[PDB]
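The figures here come from the full heavy-atom set of this structure, side chains too, leaving out hydrogens, waters and symmetry mates. In what follows, chains are A, B, ... by sequence order, proteins preceding strands, each numbered from 1.
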Amino acid sequence: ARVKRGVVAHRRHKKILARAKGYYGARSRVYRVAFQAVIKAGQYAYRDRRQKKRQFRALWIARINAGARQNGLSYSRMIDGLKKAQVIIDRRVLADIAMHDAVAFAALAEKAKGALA
Amino acid sequence: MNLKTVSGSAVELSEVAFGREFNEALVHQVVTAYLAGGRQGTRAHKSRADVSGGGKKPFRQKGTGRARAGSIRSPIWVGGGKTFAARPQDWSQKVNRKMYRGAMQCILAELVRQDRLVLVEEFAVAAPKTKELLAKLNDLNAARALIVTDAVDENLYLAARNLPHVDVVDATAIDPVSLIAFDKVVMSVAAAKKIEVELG
Amino acid sequence: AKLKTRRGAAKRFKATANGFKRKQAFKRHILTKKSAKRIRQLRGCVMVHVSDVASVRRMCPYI
Amino acid sequence: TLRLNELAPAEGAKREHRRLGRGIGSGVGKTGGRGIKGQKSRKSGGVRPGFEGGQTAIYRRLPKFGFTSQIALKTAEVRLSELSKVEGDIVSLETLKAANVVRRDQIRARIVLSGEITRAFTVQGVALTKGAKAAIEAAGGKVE
RNA sequence: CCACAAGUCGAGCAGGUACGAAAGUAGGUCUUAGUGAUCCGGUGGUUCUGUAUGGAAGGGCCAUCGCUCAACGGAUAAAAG
RNA sequence: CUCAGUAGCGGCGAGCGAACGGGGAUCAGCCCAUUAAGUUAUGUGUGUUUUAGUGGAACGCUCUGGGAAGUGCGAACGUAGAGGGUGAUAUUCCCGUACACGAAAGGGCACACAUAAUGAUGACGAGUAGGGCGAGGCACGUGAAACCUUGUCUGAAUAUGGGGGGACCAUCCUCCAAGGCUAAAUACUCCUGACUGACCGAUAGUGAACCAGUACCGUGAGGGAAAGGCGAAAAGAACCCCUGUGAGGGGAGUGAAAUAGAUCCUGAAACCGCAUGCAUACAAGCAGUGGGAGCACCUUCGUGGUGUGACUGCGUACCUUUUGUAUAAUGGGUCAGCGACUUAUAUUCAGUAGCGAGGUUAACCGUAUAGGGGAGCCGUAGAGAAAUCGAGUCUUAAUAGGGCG
Ligand SMILES: NCCC[C@H](N)CC(=O)NCCC[C@H](N)CC(=O)NCCC[C@H](N)CC(=O)N[C@@H]1[C@H](O)[C@@H](OC(N)=O)[C@@H](CO)O[C@H]1NC1=N[C@@H]2C(=O)NC[C@@H](O)[C@H]2N1
């Protein structure tokens, strides 16, 4: 029962090379190089699925800081005021409002100042 | 056990030979042992000692820049020996006498339960003609069948030789694979009683 | 082929109901300086230790 | 049911054999369970049984004792319960050999109280222990 | 106490004994070093074995003897550059 | 086959390893001077086999198709439904197959008779048995070492005699050396014929599917390759054009197909071109990843698809070996194909199945996976070195105590 490896080996190599599409030079042509590139891409993606949440929260915080400073507060004081006022709107929605609706963000800042008073 | 033939007559057969409960694991072991015993097992390969040539060291141990080699017939090299060369093997297994008998009893009982066993008072042909046997089997509604007789008549053997899906055997020559492979088993009463005496 | 008994170990060990028995060392010679208690307590058979039973079994497959 | 493609073995009767060195996922890849380096990782790597690294072995630091008896090889022990295998009522060395409870090259036999019997036997030329003789007589038998 | 092989302490029972009026004490020395496994043989005993049988030779069991095997768990009876 | 890895041998190490008895296969005895069984030649007769060969059943229509053996419908043969071929997959188209016949002439074997020879220079075994010395063989290494062989030195008795029974003696049992012949059961495959394979399918399988022990290498012995496939059928491309009357190509023609056009089935990858879309010449690094504008094409018009990816956070390959490697420690130029825990036997444990105080056969026989074959093996009792006892036994003066049970 002699077994020839050609068909299955070719399928596996072709699948790896297909996942390596778009890479530079030997990384999209040569199996030994392409296989390392795919694994490292997977490792990077696993790490960056965690990094993405941090980066987007940092962006929301920066935009909220800009809005609060336009309304006469700092970010930390505005967050403290909202907590004391019991408002539980999260930073993603707060930054969306800060970017797209200035009047509503002004109202939120006024509520935060009123609670801080 | 009481079973009727095709012509309505009543035959009495022992519960030991034709009424035992089905034991699939035992039947499977015996059937696979029979199939394994059917193997021939003739083959061989050449190892690094059997392949032609290869006596001398291809090149010196150090200094050439090559990977070290001891023979051109190394199993690593193209055209070299096979790493684990095969030899002829015997594929027969031992089957306990009681286990074989029990498997045969289980097979016969299951055939009786599934109605693939057909009892007939007498089964004979008047000439070694294929068409006569074919007509007999067709009126018995057993066109694909293993026929079991107390003794194999020469005319019956000759008539059955050329028919596909039809075989004829003596009562002392049944085997577990042939009892299962054919669609139906047409058994004469004399053969059934001899099988009863043999107790499966 | 058949497993072969290590004859040297076969000459040293015998099987009991639940193990192996053996003689004791230090009773062949240089006996004058030994106390009477050691003389009479090193006499007779004892059991093979459980840490050595497995090696004894591999060396003596049929006893 | 009862077809060549509808027969299966019992659950737990068959297992796949262990295949070493066929990738990371199998759990036995690369070294194949042999560990890293050393004598035992080599081909034919085990040491001879009874070798302890150089110190005097257990079977050599202990003394030899005893001698082998020759007539013990021809003496046969018979359990009392095995007497039921004998056909007939006469129990002798010949009939025990015929019943196959005694090997054919043995020259004498002994009966020990091990099991139980019901039939009455006559014992000719076979040694009996005290309890075996008592049981033989209690079953209605006799010795010569 | 201890990987093993070993090592250490021991009340008490039986027989024979020594010293004490006696209750008693004594299984070496205040204790902890003064040491060497297995194999092979020697010696004194022995109700064991004894290659047809009776013996015997040889073997077994108990006691004991022969290593600065000191590289001291001792690779050979026998070995430097 | 078992006895049995037992009894023993062994720097008592590593290892070596019987016999008796039992079960089978096959069976057979005959002679030493008027000389046997047997064997070999030759001749004749009978039987059998082998070397060419002959006959040998039964299918049409329809659809797809280049082509039918394939689809649909309905028939016929079968002692023939083994196999091969035919333009794709045929019991009925061809060769065959079952079966029935067949030899001028020659060869092999068996039996019987006839004639030679041979058995057979040998007529009961003397330089022999035995012994001293040195070696060898016996499972047996000088060991308590019997038995066999003999290089050297010696040396009987001769049936009222002699050999053996593992030092040796006695007694018993058993056999007759120093003269011979003898089939079967057993071992093997350069060959011949038939049949078979959970054997390979062109880096495999023989080194060799092909003009291979060749080419090639070496003074020589010797070493030793690579290399299969047009098409069903050559129908292998008449003729025209460019070119050097070259190579090569474009038409034409053949063909079902010519990107089947000659090193011609399929035509993967490394590697190398051409075309289109987007990006790219102020910006520093394992080349990706998470975001993300713009552009091009497509569109179910979008909270859509495909290609590209300005700008931006993070981010020093893989394997091995190591306390520890981006390491300037090892290995890899790349692709494709091959490349490493097997097989036999024995043993122990686990799972599973049969039978169960029992379980099971081995060799072998067997128109043969069946059925026979019970010799043997394991379990059912231990203690003791052993004789011996035995649910006990050993130790001991002990019925005490204690060890193994
Ligand atoms: N629109 C463009 C038009 C352009 C215009 N026209 C002008 C132009 O430009 N034209 C170009 C011309 C093309 C090309 N130059 C021509 C060419 O090359 N001719 C080559 C002619 C000679 C050729 N070498 C001969 C050859 O090799 N024979 C082989 C050979 O002996 C052998 O094969 C192997 N294995 O070695 C054998 C295998 O058994 O088979 C043989 N052969 C067989 N055939 C037979 C068959 O079929 N059956 C039966 C049997 O007879 C078979 N054997």
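Between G313(F) and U289(F) there is a Watson-Crick or G-U wobble pairing whose two distances both come in under 3.5 Å. Pairing check for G53(F) against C101(F): the Watson-Crick or wobble criterion is satisfied, both distances under 3.5 Å.
Across all strands shown, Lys21(C) has heavy atoms under 4.0 Å from sugar-phosphate atoms exclusively, and none from any base. Base engagement by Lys85(D) is indicated by at least one non-hydrogen atom pair under 4.0 Å involving a base atom. Among the atoms of the strands shown, base atoms are found under 4.0 Å from some heavy atom of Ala1(C). Using a 4.0 Å heavy-atom criterion, one finds that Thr16(C) contacts the sugar-phosphate atoms exclusively. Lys21(A) comes within 4.0 angstrom of nothing in the nucleic acid, heavy atoms only. No engagement by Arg15(D) is indicated, since no non-hydrogen atom pair under 4.0 Å with the nucleic acid exists. Residue contacts for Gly44(C): at a heavy-atom cut-off of 4.0 Å it reaches no nucleic acid atom on any strand shown. Counting any heavy atom pair closer than 4.0 Å across all strands shown, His29(C) reaches a base atom. Residue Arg34(D) is in base contact, counting any heavy-atom pair closer than 4.0 Å across all strands shown. Residue-level contact check: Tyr23(A) touches the backbone only, with heavy atoms under 4.0 Å from sugar-phosphate atoms and none from bases. Using a 4.0 Å heavy-atom distance criterion, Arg6(C) is classed as a sugar-phosphate-only contact. Looking at heavy-atom distances under 4.0 Å, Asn23(B) makes contact with sugar-phosphate atoms alone, never a base. Backbone-only contact: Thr5(C) has heavy atoms under 4.0 Å from sugar-phosphate atoms and none from a base. Within 4.0 Å of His28(B), counting heavy atoms only, lies no atom of the nucleic acid at all.
Of the candidates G390(F), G5(F), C9(E), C9(E) carries the atom nearest the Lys37(C) side chain, counting heavy atoms from C-beta on. Checking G290(F), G201(F), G332(F) against every side-chain atom of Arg2(A), the shortest atom distance belongs to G201(F). Minimum atom distance to the side chain of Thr32(C) is reached by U64(E), of the listed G17(F), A14(F), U64(E). Closest to the side chain of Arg61(D), from the set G73(E), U380(F), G78(F), is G73(E). Of the candidates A270(F), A268(F), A6(E), the closest approach to any side-chain atom of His10(A) belongs to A268(F). Here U342(F) is the nucleotide among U342(F), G36(E), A6(E) with the atom lying nearest to any side-chain atom of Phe84(B). Among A7(F), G288(F), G78(F), the nucleotide with an atom closest to any side-chain atom of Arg7(C) is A7(F). Of all nucleotides listed (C9(E), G382(F), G288(F)), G288(F) comes nearest to the side chain of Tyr24(A). In the set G291(F), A6(E), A63(E), the nucleotide with an atom closest to the side chain of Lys52(A) is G291(F). Side chain of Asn100(D), nearest nucleotide from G81(F), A204(F), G374(F): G374(F).
A residue-by-residue look at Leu128(D) and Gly12(D) shows that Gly12(D) has its nearest nucleotide of RNA chain F further toward the 5' end.
In the interface, the side chain of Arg28(C) is not paired with the base of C39(E) through any donor and acceptor atom under 3.5 Å apart. Residue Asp48(A) places no side-chain atom within donor-acceptor reach of the base of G290(F), judged by atom type and a 3.5 Å distance cut-off alone. The base of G291(F) is not paired with the side chain of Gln55(A) by any donor and acceptor separated by under 3.5 Å. No donor-acceptor contact under 3.5 Å links the side chain of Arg60(D) to the base of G73(E).
The nucleotide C109(F) finds its pairing partner in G47(F), both defining distances of the Watson-Crick or G-U wobble pair being shorter than 3.5 Å. Across all strands shown, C40(E) pairs with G66(E); the Watson-Crick or G-U wobble distances both stay below 3.5 Å. Nucleotide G127(F) forms no Watson-Crick or G-U wobble pair with any nucleotide shown, as no partner meets the under 3.5 Å limit on both distances.
The distance from atom CD1 of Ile16(A) to atom P of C335(F) is 13 Å, rounded to the nearest whole Å. Per the geometry, CG belonging to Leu113(D) stands 9 Å off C1' belonging to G390(F), to the nearest Å. Remark: P of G291(F) and OH of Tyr44(A) are 16 Å apart, rounded to the nearest angstrom.
Near RNA chain E, defined here as any heavy-atom distance below 4.0 Å, there are no residues from residues 29-53 of chain B.
By the side chain to side chain donor-acceptor pair (under 3.5 Å) test, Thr75(D) pairs with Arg108(D), sequence neighbours left out.
Because its glycosidic torsion is more than 90° from 0, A170(F) is reported here as anti. Glycosidic conformation, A75(E): syn, with the torsion inside 90° of 0.
Between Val101(D) and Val86(D) the shortest side-chain heavy-atom distance does not fall below 4.5 Å.
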Side chains of residues 8-25 of chain A: which donor-acceptor pairs under 3.5 Å do they make with residues two or more places apart or in other chains?
none

